[PDB]
Amino acid sequence: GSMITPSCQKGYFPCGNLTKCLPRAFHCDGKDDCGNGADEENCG
Ligand SMILES: [Ca+2]
């Protein structure tokens, strides 16, 4: 049993597993926003 949850609010979202939070505009901007390989998703 493993039910992990995020640690961010509003349009912002947690950097996958990291403790970083990206803006809502991150949604398909043009390039990486996090740097770990998580925010890249949600854009193909
Ligand atoms: Ca991105």
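All chain A residue numbers match Swiss-Prot; in order, they span 38-81.
Cβ atoms are placed via backbone N, Cα and C, with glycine included.
As recorded in Swiss-Prot, the features of this protein are as follows:
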type	residues	note
DOMAIN	44-81	domain 'LDL-receptor class A'
DISULFID	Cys45-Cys58	disulfide bond
DISULFID	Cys52-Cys71	disulfide bond
CARBOHYD	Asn54	N-linked glycosylation site
DISULFID	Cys65-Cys80	disulfide bond
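Among the disulfide-bonded residues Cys58, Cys65, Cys80, the ones whose Cα sits within 10 Å of the Cα of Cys52 (disulfide bond) are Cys58. Across the domain 'LDL-receptor class A' (44-81), DSSP helix (H, G, I), strand (E, B) and coil residues number 3 helix, 4 strand, 31 coil. For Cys45 (disulfide bond), applying a Cβ distance below 8 Å and a minimum sequence separation of six or more within one chain yields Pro51, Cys58. Of the listed disulfide-bonded residues, namely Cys52, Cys65, the sparsest Cβ surroundings within 10 Å are found at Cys65. Cβ contacts within 10 Å of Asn54 (N-linked glycosylation site), excluding its own Cβ and spanning all protein chains shown: 9. Look at the disulfide-bonded residues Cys58, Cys71, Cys80 and count other Cβ atoms within 10 Å of each Cβ; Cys80 has the fewest. Taking only the Cα positions, the spacing between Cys71 (disulfide bond) and the residue listed as 'N-linked glycosylation site' is 11 angstrom. Across the structure, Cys80 (disulfide bond) and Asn54 (N-linked glycosylation site) place their CA atoms 18 angstrom apart.
Cα to Cα, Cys65 (disulfide bond) and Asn54 (N-linked glycosylation site) are separated by 20 Å.
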